[PDB]
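Take a look at the letters that make up each chain.
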Amino acid sequence: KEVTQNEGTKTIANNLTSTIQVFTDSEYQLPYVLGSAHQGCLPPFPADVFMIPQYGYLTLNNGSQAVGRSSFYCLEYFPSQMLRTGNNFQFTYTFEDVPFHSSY
Amino acid sequence: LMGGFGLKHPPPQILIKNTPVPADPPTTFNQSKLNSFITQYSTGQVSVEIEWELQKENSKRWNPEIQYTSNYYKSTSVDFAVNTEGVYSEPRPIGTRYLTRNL
């Protein structure tokens, strides 16, 4: 959707020819930011509507300064699917063997 | 701890010795072990071949990495080379860890 703001009057319309891009980091080449207990997961209540979190990452630092080994990543340097309205994305994943959690 | 690969079954020890050659024995029997021997040494060549398996880098890092490099500027002699006197020397220690990988 595109939003148009003139004269304090704001309007929202569809942009039919617009795309979004999606990809999975299947090869684990980006810093993994899940697992740090952040906000922005899907809501517990199904009826709730949610906002997607922004992605950011960290590398080595000395004070406020970078060091030699500090790394920069561009996500646009990965292949991604482009979807218009009417396109969809899916994938399947299998968990590795892991021990049962003890509910006892 | 000093570094390296630890193996239950490492490359085996290889032991080499010159066989003893006795100098002339006495002409009537004596039971004592011989203590007079001809003087000997040996020389030869030895070859070792090893196959190493490599793991290639898979980095998505945009910017360049650190690399081991030879010195750019002029010098009295070449690093990792001989002397005017024919003495090879290794100037610095070189480690293994230049490329980077995320955690």
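Method of determination, as annotated in the archive: X-ray crystallography, at 2.7000 Å resolution.

A. Focus on the side chain of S71 of chain A. Here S71 of chain A shows up in the loop between strand 3 (20–22) and strand 4 (81–83). We classify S71 of chain A as buried; its relative accessible area is 12%. One polar contact links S71 of chain A to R61 of chain B, side chain to side chain, over a distance of 3.1 Å. Among all residues touching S71 of chain A, those that are not within four sequence positions of it are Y57 and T59 of chain A together with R61, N63 and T100 of chain B.

B. Just the interface of chain B and chain A, in detail. Every contact between the two is made by seven residues of chain B and, on the other side, twelve residues of chain A. Of the roughly 1000 Å² buried at the junction of chain B and chain A (both faces included), carbon and sulfur atoms supply 49%. Contact with chain A buries surface across chain B, with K60, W62 and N102 of chain B losing the most and accounting together for 57% of the total. There are zero salt bridges connecting chain B and chain A. On inspection of chain B and its partner chain A, the count reaches six residue pairs in polar contact. Each residue belonging to the side of chain B that touches chain A can be placed in one class, and the counts come to one nonpolar, four polar and two charged.

C. Molecular detail of the packing of aromatic side chains. Scanning the model with the defined rule gives seven aromatic pairs over all chains in all. Among the aromatic residues, ring-to-ring pairing joins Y55, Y57 and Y73 of chain A into one connected group. Of note, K60 of chain B hangs over the ring of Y77 of chain A, and the distance from its end group to the ring centre comes to 3.8 Å. If you follow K60 of chain B out to its NZ or CZ, it ends over the ring of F78 of chain A, 5.4 Å from the centre.

D. Here's a closer look at the pattern of salt bridges. Residues and elements named next belong to chain B. In this structure the tally under the stated criterion is two salt bridges over all chains. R61 is the partner of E65 in a salt bridge, and the nearest nitrogen-oxygen pair spans 3.9 Å. Close ionic contact of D79 with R92 constitutes a salt bridge, the shortest N to O distance being 3.0 Å. Looking at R92, the relative accessible area reads 31%, which means it is partly exposed.

Cut-off values and rules
- Residues numbered from 1 in each chain as written, not as in the entry; some residues may be left out.
- Chains lettered and ligands numbered in written order.
- Part of a larger assembly, values for the part shown.
- Heavy atoms only, no water.
- Helix = DSSP H or I, 4+ residues; strand = E, 2+ residues; numbered from the N terminus.
- Buried < 20%, exposed > 50% of the residue type's maximum accessible area, 1.4 Å probe, protein only.
- Polar contact = N/O pair within 3.5 Å; in protein donor to acceptor, adjacent residues only side chain to side chain.
- Contact = heavy atoms within 4.5 Å.
- Buried area = accessible area lost by both parts, 1.4 Å probe.
- Salt bridge = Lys/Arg side-chain N within 4 Å of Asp/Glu carboxyl O.
- Nonpolar A, V, L, I, M, F, W, Y, C, P; charged D, E, K, R; others polar.
- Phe/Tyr/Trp six-rings, centres within 6.5 Å; stacked < 30°, edge-to-face > 60°.
- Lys NZ or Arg CZ within 6 Å of the ring centre and 35° of its normal.

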